[PDB]
Amino acid sequence: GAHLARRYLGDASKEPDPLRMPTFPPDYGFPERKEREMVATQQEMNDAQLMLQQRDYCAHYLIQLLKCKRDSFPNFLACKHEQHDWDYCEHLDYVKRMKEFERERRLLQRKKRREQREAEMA
Amino acid sequence: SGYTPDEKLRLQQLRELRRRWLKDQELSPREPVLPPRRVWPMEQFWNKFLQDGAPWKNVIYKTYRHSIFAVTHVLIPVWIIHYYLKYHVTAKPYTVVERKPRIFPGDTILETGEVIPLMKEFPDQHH
Amino acid sequence: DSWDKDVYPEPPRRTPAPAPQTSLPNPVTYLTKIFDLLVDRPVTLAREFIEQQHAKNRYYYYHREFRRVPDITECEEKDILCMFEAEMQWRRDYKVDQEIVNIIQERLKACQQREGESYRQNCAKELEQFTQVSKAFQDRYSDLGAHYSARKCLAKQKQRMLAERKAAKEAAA
Amino acid sequence: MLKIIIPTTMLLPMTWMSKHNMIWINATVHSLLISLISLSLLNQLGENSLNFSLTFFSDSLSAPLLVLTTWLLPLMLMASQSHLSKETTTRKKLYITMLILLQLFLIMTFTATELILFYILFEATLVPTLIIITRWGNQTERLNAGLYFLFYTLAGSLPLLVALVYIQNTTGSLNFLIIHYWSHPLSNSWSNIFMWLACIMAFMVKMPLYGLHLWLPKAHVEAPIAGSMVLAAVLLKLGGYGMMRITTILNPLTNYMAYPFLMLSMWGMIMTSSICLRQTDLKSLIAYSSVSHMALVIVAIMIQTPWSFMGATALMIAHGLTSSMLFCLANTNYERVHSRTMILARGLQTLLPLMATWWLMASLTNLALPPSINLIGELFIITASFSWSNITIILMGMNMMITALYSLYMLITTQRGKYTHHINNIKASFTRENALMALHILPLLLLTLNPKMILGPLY
Amino acid sequence: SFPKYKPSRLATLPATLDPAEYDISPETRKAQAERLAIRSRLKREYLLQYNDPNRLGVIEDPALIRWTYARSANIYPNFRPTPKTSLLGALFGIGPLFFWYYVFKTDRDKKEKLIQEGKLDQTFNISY
Amino acid sequence: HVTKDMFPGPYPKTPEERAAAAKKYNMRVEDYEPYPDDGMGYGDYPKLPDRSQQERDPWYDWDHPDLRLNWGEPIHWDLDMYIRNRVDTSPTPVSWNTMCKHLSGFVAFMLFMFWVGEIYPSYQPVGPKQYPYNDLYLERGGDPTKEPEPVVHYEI
Amino acid sequence: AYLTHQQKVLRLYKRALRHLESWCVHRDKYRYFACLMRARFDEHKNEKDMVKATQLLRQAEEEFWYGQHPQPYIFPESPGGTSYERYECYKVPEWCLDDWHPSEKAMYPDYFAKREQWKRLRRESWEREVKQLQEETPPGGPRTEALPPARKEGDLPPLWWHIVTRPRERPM
Amino acid sequence: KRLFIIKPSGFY
Amino acid sequence: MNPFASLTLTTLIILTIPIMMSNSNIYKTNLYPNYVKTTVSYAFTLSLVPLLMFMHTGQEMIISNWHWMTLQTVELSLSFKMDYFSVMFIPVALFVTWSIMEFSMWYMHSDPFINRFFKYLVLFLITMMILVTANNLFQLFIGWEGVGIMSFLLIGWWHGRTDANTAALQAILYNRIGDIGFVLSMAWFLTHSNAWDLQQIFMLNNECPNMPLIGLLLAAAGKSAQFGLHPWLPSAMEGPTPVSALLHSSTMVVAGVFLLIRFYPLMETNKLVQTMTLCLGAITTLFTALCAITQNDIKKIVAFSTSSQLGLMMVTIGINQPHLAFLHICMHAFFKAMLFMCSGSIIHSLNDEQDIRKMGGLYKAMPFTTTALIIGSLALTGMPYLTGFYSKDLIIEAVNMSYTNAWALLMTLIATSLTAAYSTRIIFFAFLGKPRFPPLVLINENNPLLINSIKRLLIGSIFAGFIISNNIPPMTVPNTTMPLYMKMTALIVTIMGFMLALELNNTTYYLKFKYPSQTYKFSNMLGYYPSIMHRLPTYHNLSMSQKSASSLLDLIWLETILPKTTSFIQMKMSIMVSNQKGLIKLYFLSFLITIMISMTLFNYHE
C-alpha cells in the first residue's frame, strides 16, 4: 500500500499506473535489453493444453512438472523439486515485473526532473 | 389466584378420567396382533444362520447381505448401462467424446510410437 | 463405426504412454483390469449371443426416396396442385437444412471437447463453418413467422435479391 | 374421424337404455375405449395434415387436444357419480348425454376443415355446458353464471360469424388448407382492422383476456365438477386453437394491434396471480390461476413465433391436465366439508396422505417444476417473448414467483397445518378419487417423458 | 428516558405500554366484562355442539360465511362510484397500462431501428 | 341454517342499524365500528383495527388454535392478510423509524463508500505480466492470416 | 378477566427477571442481579395511591421495554421455542379411530373395546352433563368463561370428553 | 411401555 | 472409451435405486434407513474411482447418452460432463451425506415417518447429482428447482409447525426471485448464441454476455443466500438438524457458486460482474458474521457462519479463482457439516435445548463432542497444516495480491476475525464455563452411529484438504514472493478476534452491569432485515392485491365497465319501451306521427 498511498494520497503521476506502465520504451533508458527467450514452444504449449493464465514465459517448468507427475502415481508427494523450480522461476519473472515497476517509477522521477528543471528557466 | 373447590371437583374428576384414558392408551400383551404371513424358506435358512450366536456366522450373514447388495445394486448397473453405452451410446457419433490427453514433451504415443521431441535446456536456476 | 469422417470429422486419437518410474504403482491400472475382467467380458459375451441371434434374422429397410418436384418459383400463381408439391418439397428442404445446422453444431461441439482448453485455438476451422452456416440460414429460412411457407420464403429471398441488386448497382456506378 | 365420431355418437344409446346401475360402468369403460381409439390419432405425418375427408382433417395441433378431450371424458364420469348418486336414472342418463354431446362437439370442432363449421361446433359447445352449469349447479349464482358465460361468449362469437361470412364472399372459401395455401397479404385498412378484431375477439373472450375474463370466476367456481373440469381443461383451449388457426390470414396486421392485448395479458397475468394470493375459495383460486396461464398462452399466440406456438400448445395441454386435477382435489375436499372456503378445513395432510401427495405434485405441476411439460411450455413462451422483447422477462419472472407463492399457499393452508377439531366427517380416502387423481397425474409425466407429441405442428 | 417505540403500521403499540390498562375506569372495566360474558356464551354453545356425541359433519360458523359474503358478494352492491373510487380505478386499472405500452413500444421501435439499419447482432440468432 | 340477518348488508346509517349489525356480528354496540363508508364495499362489516393473529393469547383455549381463533367471533376483512404465516402486526423491541433509518443508512453506507473505494483500487507494485508469442494472440483467438502484431517483450 | 394491579406487577416481575436471565446469561450474575431486582421491587410496595402505583408501573414497563432483551430466551416446547407446535404433525383426532377398517379394528381389538366403553361413557354422560350445565347456567346467558362441575356422583363433568380424549402430549 | 398410536385408517 | 463413463453413471443409478424400491414397497421399511446408508456408502466407494483415473491421467469426457428433443436447431439431450468440478465433487458429497444421515439415524429416532425422511435425503442427493453433473442449462434448472422444492418439503418436515412452513415459504420465495436470472440466461443463450449446452456456449466465445452474467449472478445470489436474498437460510434452519447438516450445511448453498464456476470461461469477460460479485460476497460476509457475533443460539449462528462462507466463497470467483473456490467448497462441506452434527449431538443430549444461555460446562461432561467441536473450529478457522486452511490462506492471499477494492478485502479480513469471534464464543458457552443446562443430567454420547459419523468427518477435516491440495494439478499460477505483511494477515486477525471474544466472554463472568447496546440489538435483529423487509413489501403486495387488485378492479371496475353497464342500460330503457298506457288514442297518434316522419321528414319517398 506504500506506492498506492503515494499515488492516491500523493501524486498520481509519481507512481506507475497499473495499466499503461511502462510508459517508456524498454530500449530507452534501460541499457539495450534482449527479448525474453522462450524455453517452451507453441506446439508443446498447446500439446498439454495449459490454461491461458498458466501460459506464461515460465511454463517450461510446469510442463516438465506435469510430465513427471503424470508418470508419478499414486505418489502425489513427489515432483517437489520441479515445483520448487517453477516457484523460483515464477519468483524470477515476478522480480522482472517489479523491476519493470521500479523502472517506470524511477524513469518517472527522471521525467519529473526533466520537466520542472527545464521549466525553471521562466 | 384460586384453585377453588368448585373448580377442583372438575379438575380431579377430569384427572381420573384422563388418567384412565391414558391407561387405556397403553396396549396389551396381544397388542399388536399381526395377521399370519408367509415366510420364504431362504430367510428361514438365513435366520437359522443367525440364531446360532457364532461370531463367524454373524459376520458372514452380514457379508452375504453385502454380497446380495453388490450383485443387485452395484453389479447389475455396470451390466445394463455398460450394455447401453458400448453398444448403443458409443455406437453413435459424438455421444461420447474425450479431450486429447495432455501430451508432454518426452512422451510416447501408443499408435505412432514416436516420443514427443524434447525441449531446449531449462534456465538451470537454483535457489 | 457408423459415421464417416466426411460427415463427422474426428481428430486423430493420440494417447500418451506414461512410464510409472516410481516404485508406487498406479492403482487405476488394477481398476481397468478388474473392470475388464468381471464387467467387460460378460457384457461382450452376452452381446455376442444377442448379436448372433440378431444375425439369425436381419430384416431389411432402406431410405425413403423423394423425387424432386417443380419449385414454387416455377409454380404458377394460385395453382393449388403445384403449390402443394412445392410447399411439401420446400418443407422437407427446410427440415434437411435444420438437420444440416444440427450436424454442424454436433461436429463443432465435438471439436470443442476434443481440443479441451485449447478449444479457441483448435476449433476456428469449424467455428467459421458453423458461422457461415448460421449466417446464411438466417437469410434463407429465419424471420418467416409461425405460418412460414414456400411463398413467404420466396418473398423474403426476392426482397434480399432486390436489396443486393440495388446496392451493387448504386455502389458500383 | 368417423372411427372416433361414430362410436361416440353410438355411445348415447348405450347410456340412454342401460339399466339403473350400469350407466356409470358402461359409460366409463366405453369412453375409455374411445380414448384408446383416439390415441391412434397421435399418428402424424411429417408436414402434411392427415386429411381423412373433405370435411375432416387433423394435424399436430388438433390431435393432442382431441386426445385430451377423449381421455378426459372418462374423468368427468368418474368424478360425477359422487355428487350424482342421489338422482333419478333418467336425469343421470341426461347428464351423461350432455357430457357425450360436449365431447362429440369438441371432436368435430378440432377436426373441422372449414372455418364456418369450426365456428358452428365451437360455439355449439355452449349448450351442453350451459345445461350442466345451470341445472346441476349447487351454488347461488349458477343462474347468473349461465347468463354471464353465454353472453360473454356470444358477444364475441357473432362478429366472428360476420367476419367469416365476409371472408367467404371475398376470399372464396373458409377451408383452412385453401386460406393457408392461397393466403394473401393483409393491407393496413381500418376495415381490415375491424375484420381482424372480429376474427380475434371471440377467441380472446374464450381465452380469456384480462378485463373481459369475468365469466370464469363466475362460471368455473359454480359449475358441477364435471362441467368445471371440461370447461377449464379444454373449453379454454378453444380460443387458443381458433387463434392458431386464424392468424394465417391475419398478418402482417396483427403486430400493430398486438401491442394492446399482449401487454393486457402480460400485465393481467400479474393481477390474476395476485388475486390468487388473496383468495378465500379454492375453486376461485384455481380459476384465476387458469386465467393467468391462459393469458401466457395468449402472449405466445400473439408473438406468432414457432417457439411461441410450440410452448403455447404444450402449456394448453399441461394446464388442462393440471387444472382438471386441481378442481377434482378441491371438489374432494369441499364435499368432505360441504363448504369451499379454504380456511374451514386445514391440516388434512396427516389425515389423507395420498391427497397430500396429489396436492403436492398438482401444485408442483401448476408451479411448473421442471422438466414437466408445464415448465417447458412456459419456458418456450418466455424465450420467444424475450426474443420479441427483453423486458417481458421481469413480468414473466414475476408471474411464477407469485404463482409459486399461491402454488404452495393453499397447500400450506389446507393440508400443511393443524386439523380442525369440531369437524369429523373427513372419512378414509375413497379410492375412487385417489384413482381419479392417478389417471390425472401419470399421463402428465408420461407426456413429460416424450414432449415431442404435445409440441404442436411447428415441431 | 430512552424514547418510547412509536407504534408502526405493521407493529401496534405494545400491550405492556397501553395507557388504557393503566388509567382504568369503572366504565372501562364494565366494557371489558360483558365482552367476557358474550364470549363465555360463545364458548359454551360451541362446546355443547363440539362435545355432542351425535355431532356429524361441520359446526357451521356464521362468522366465516359473513366474512366470505362480505368479501365476495357485498362488494359491488355496496359500491358507489365516488370520485375517490373512480380515481383509484383510473390510477390502478388503466394507469400502468400506458406505462407498460410506452416502455415496450420504445424498446420495440428502438430495436427495429437497429435491425433494418444493420446495427445489431444476428450471427447466431437463427432461432427466435 | 343461516337466514338474511347474518348475511352482511348495507352500511349502517342510524344507531339502530349500528346496533342491528352489532348483534348480527355477535358483539356489543361499542365493539361494532362500521367500516368507513367510502364506496369500496364492506359497509355493515365491523372494523377489526390492525392486529394480526400473532398478538392473541398463545395460552388461551382458542377454539381454532391454528390461528388462535374463537368460535363465532368476528374476523377481520384482512384475516388472511394478518395471519400467523403471513405478515405480522406484533410490536418490535427496536423502534420502527430508527431501525428503518439504521438499515437505510447502512446499505447506503456500503454502496456509497464502495463507489469511492473502487475508483482507488488496491494493486500490488508489480509489473505487467508479459506473455509469449505476441501476448498469446494466435493461441487465444488469433487470426493466422493476419500477421500477429509484434508484442515482443524485452528482458527486465 | 380484569387485570388488577397486583397481576400487572406479577407479570412485570416475570418478564423483567426472565429478560434479565437472558441478559446476564451466567447463573451467578443472574442470582446477584435477580436478588438485587427483587429488592428493587419489594422496596416500595407501600404506594398508597393506586394512581401513583400505576405511574410507577408506567416507569417500570417503559424502562423494561426499552431494555428488554433483543433475543429473550424461550424454551423449545413452550410458545416461541424450537419445539413449539413441532409435534402437531403427529397428533391425530380421536374420532379417526371410528374410521379404521374392520381388519384395522381387529388388529387392535381390546383398545377398540375400551374405546367402546369410553364411548358408552360419552353417550350416557351427554344428556346428564347438558342438563347439569343447564341447571347451573348463569341465568339468561353464561357470565364467565368457567366450566360447570359434576356436583352429583357418577356424572361425567360437563364438557369433559375432548379434554380427556385430547391427543396426548407426545402422540408419536 | 408402549402407548396407543392414533393414525388415519391406512387400509383403504 | 474405457470404464470411466460407465462407472461415473453407475455412481448415480445405484443411488437412484433406493427410491424405486421405496415406492415399490419391496424395501423393508424397518431397516430402510440402514438401506439408504449402505447405498450411499457404496456410492462413495464407487465414487473414489472416477477421482482415481481423473488423477492418473486427467480424463474428462462428455456423454450424450439419450436424445430428448430436437427443435430443428437445438438437439436437447440428456447429457453429462465428467470434469474436475463434478468428478471430485461427487465423492466428497456422497461421503458427507453418508456421514450426516447416519448421524440422523441416531439423532432422528422418534419421528414415525423416518422412512420418508431417509427417502427425502436420497431425493435431495439425486437432484444434486444431475445439478452438478449437468451438461445443459436445462438439467441445471431441473436440479436448481428440485433442490428448491426438496428443501421446501424438508424444512417443513414438522408440517404441524406453522413457523416451519413460513420459513419454507420464505426460503422458496428467494430462489424463485433468483431463478429469474437463470431463465434470462437460458433465454439469452438460446436466442443470441443458439446454445443450451455448456460446450457450445463456451465454444461460441460470447465475450459480451452482460445480461447473461448479471442473470447468473442473481441466480447464484438467490441460491447461495447472498445479500438481499440471504435470510432464507436462517429461516431454513427451522428444519431438522440433519437437514441442516446436508442441504443447508454446504451442499445447496454452494449450488449457486457451483453454477458460477461452471460458467467461469465466460465469467472473465465482463469485469463489472467480477466487481459486483466482490460487493455481494464481501457485504454478505460482514453482515452474516456480524449477526452471528451477538446472536444467542447454536443453529442460526452456524447458519450465519455458513452465509459468510458463501460470501467469501464467490468473492474469490470475483478475482477469477474458480478452482481455488471449488477446492474451498470441500472444506466448507467438511468442517461446517462437522460442527453441524456436533451441534445436533449437543441438542440431542440436552433434551433438545438450543439457546446458548441454557447449557454450559460440558467440556469434561462430554470429551468426544468437545473434541469434535474444537476441531471443527480448528478446521473452520484455518490454522496451518490441516484440511481447513488448505484454501482460506490462499483465498486471503488471493484477495490481497489482486486488483480489488478496499472494502472488498476489508470485509474478508474483518469477517475472518468475526468468524473466529463466535467460533470461540460457542465453545465458551457450551462446553466451557459453568453448567447452564437443566438439573436433569442426560448428556449422552454412547451411540455407535453418532461416534462413527463424527469420526469419519474428523479424519476428513484433518487430511482431506492435504490430499486434494497436494494431488490436484495447479489450476492457478501460485503467487510467489510478495510482501510478508499481507501473507500472515489472515491468522492474526483471527487471533485478535479470538482475544477480544475471550475477554468479552469474560465480561459475562465479571459482575459489572451489562447495558443494552443498540448495536447488540441491531445485530440481534439480523440487521432489522427480517424485521421489516419480511413485513413491509409483503404488506404492500398483499394488501394491494386484496383491497385493490382483487376488489377495486375485478369486482368493481370490471363489472361496471362492461357487463353491469349494458345490463342496466337495457333494464332502464326496456322499461320506457314497455310501460305504455295501452290507450288506443296515443298508439294511433304515434302511428300518425310516424306517417309523415317516414313520408318526407326523412324523405323516404325520394
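So that you can tell them apart, the chains are marked A, B, C, D, E, F, G, H and I in the order they are listed, and the count of residues begins at 1 in each.
Here, contacts are C-beta pairs under 8 Å (C-beta built on N, C-alpha and C of every residue); 3 or more make two chains touch, one makes a residue touch a chain.
Chain by chain, the UniProt names read as follows: A = NADH dehydrogenase [ubiquinone] 1 beta subcomplex subunit 7; B = NADH dehydrogenase [ubiquinone] 1 beta subcomplex subunit 6; D = NADH-ubiquinone oxidoreductase chain 4; E = NADH dehydrogenase [ubiquinone] 1 beta subcomplex subunit 4; G = NADH dehydrogenase [ubiquinone] 1 beta subcomplex subunit 9; I = NADH-ubiquinone oxidoreductase chain 5.
Peer 1: Which chains sit in contact with both members of the pair chain D and chain F?
Peer 2: C, E, G, I
Peer 1: Comparing centres built from CA atoms, which chain ends up most distant from chain H?
Peer 2: Result for the farthest chain: A.
Peer 1: Round to the nearest whole Å and give the separation of the Cα centres of chain B and chain F.
Peer 2: Chain B and chain F have C-alpha centres separated by 43 Å.
Peer 1: Per the centroid of Cα atoms for each chain, what is the distance between chain G and chain H, given in Å?
Peer 2: Result: the chain centres lie 28 Å from each other.
Peer 1: Report the inter-chain centroid distance for chain C and chain H in whole angstrom, where each centroid is the mean of the CA atoms.
Peer 2: Each chain reduced to its C-alpha mean, chain C and chain H end up 61 Å apart.
Peer 1: Taking each chain's centre as the mean position of its Cα atoms, how many Å separate chain E from chain G?
Peer 2: 32
Peer 1: Give the residues of chain G that touch two or more other chains, as numbers and ranges in rising order.
Peer 2: As it turns out, chain G has residues touching two or more other chains at 65-67, 70, 85, 88-93, 96, 99, 101, 103, 108, 111, 146, 160, 162, 168, 172.
Peer 1: Residue numbers in chain B touching 2 or more other chains?
Peer 2: 22, 24-25, 27, 78, 82, 86, 94, 97-104, 107, 116
Peer 1: Which residues does chain H have that touch at least 2 chains other than itself?
Peer 2: 3-5, 8-12
Peer 1: What are all the chain pairs that meet the touch criterion?
Peer 2: In this structure, the chains touch in these pairs: A-B, A-C, A-F, A-I, B-C, B-G, B-H, B-I, C-D, C-E, C-F, C-I, D-E, D-F, D-G, D-H, D-I, E-F, E-G, E-I, F-G, F-I, G-H, G-I.
Peer 1: Would you tell me which residues of chain F are touching chain G in their complex?
Peer 2: Its residues touching chain G are 58-59, 93-94.
Peer 1: Could you please specify the touching residues of chain G with respect to chain D in the complex?
Peer 2: Counting only chain G, the residues touching chain D are 85, 88-90, 92-93, 95-96, 99, 101, 162.
Peer 1: Please output the residues of chain E touching chain D within their complex, sorted ascending.
Peer 2: Spelled out, the residues of chain E in touch with chain D are 46, 49-50, 55-59, 61, 64-65, 67-68, 71-72, 96-97, 100-101, 103-105, 107-108, 111, 125, 127-128.
Peer 1: If we count contacts the way the header does, which residues on chain A are in touch with chain I in the complex?
Peer 2: 18, 51, 53-54, 56, 62, 66, 69-70, 73-74, 76-77, 83, 87-88, 90-91, 94-95
Peer 1: Show me the residue ranges of chain G that touch chain H in the complex, using the header's touch definition.
Peer 2: 91-94, 96-97, 99-101, 103-104, 108, 111, 167-168, 170-172
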